[PDB]
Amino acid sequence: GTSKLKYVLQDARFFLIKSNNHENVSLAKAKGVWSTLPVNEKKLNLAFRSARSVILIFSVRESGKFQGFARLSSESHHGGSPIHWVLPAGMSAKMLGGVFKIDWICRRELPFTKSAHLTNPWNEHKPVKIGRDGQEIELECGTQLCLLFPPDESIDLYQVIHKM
């Protein structure tokens, strides 16, 4: 079913994550963490305080797909055991030093061809696949985008609901 998923997405905020490589999304799925540039770090920390759920929706650049979506379970935190991110050019380890814990809600992919009917009012009504890393996605668009993903039957949202 989809009722707990809908409950998690109730009045959530949604942010588009654009990764320059597959390796870091695979690491994020394995280790339950994400890091972003300081300008986005600040926005996510603020939104983590503001809403029942903050949802990250991941797309690897040039893949033509989303790779899944996850819910922030913490604010960012610096200085722990370093995450072995593959660093994009011009991106240093210090720039990505803030670590967010995340709980994955869906690790299945969705091709851009299936979201062509969803546009994001916070990005000039462009198709929701279009956007820079950290672009916020409006509530209705974000909800519908998440509901388009194939079910991930490996996930139990019972614990995530307890964190809300």
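Residue numbers here begin at 1 and follow the sequence given. Heads up, when I say rigid core I mean the largest set of C-alphas that superpose within 1.5 Å between the two forms.
Asks: Once everything is fitted on the core, do the CA positions of 107 to 115 or those of 33 to 41 lie farther from the shown form in 8 other deposited structures of this protein?
Replies: So, of the two stretches, the farther one in 8 other deposited structures of this protein is 33 to 41.
Asks: Can you let me know which of the two, 87 to 95 or 68 to 76, has the higher average C-alpha B-factor in the entry?
Replies: Higher of the two, by average CA B-factor, is 87 to 95.
Asks: Averaging C-alpha B-factors over each stretch, which comes out higher, 46 to 54 or 122 to 130?
Replies: The deposited B-factors put 46 to 54 ahead on the C-alpha mean.
Asks: Can you tell me which third, lowest, middle or highest, the CA B-factor of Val60 falls into for its chain?
Replies: For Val60, whose C-alpha B-factor we compare with every modelled residue in the chain, the answer is the lowest third.
Asks: Ordered by C-alpha B-factor within the chain, which third holds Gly142? Give me lowest, middle or highest, please.
Replies: For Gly142, the deposited C-alpha B-factor lands in the lowest third.
Asks: If you rank every modelled residue in this chain by C-alpha B factor, which third holds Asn24: lowest, middle or highest?
Replies: Lowest third - that is where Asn24 ends up once the chain's C-alpha B-factors are sorted.
Asks: Ranked by Cα temperature factor within the chain, is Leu37 in the lowest third, the middle third or the highest third?
Replies: Its C-alpha B-factor, which the entry lists for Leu37, ranks in the highest third among residues of this chain.
Asks: Where does the C-alpha B-factor of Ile17 rank in its chain, lowest, middle or highest third?
Replies: For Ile17, whose C-alpha B-factor we compare with every modelled residue in the chain, the answer is the lowest third.
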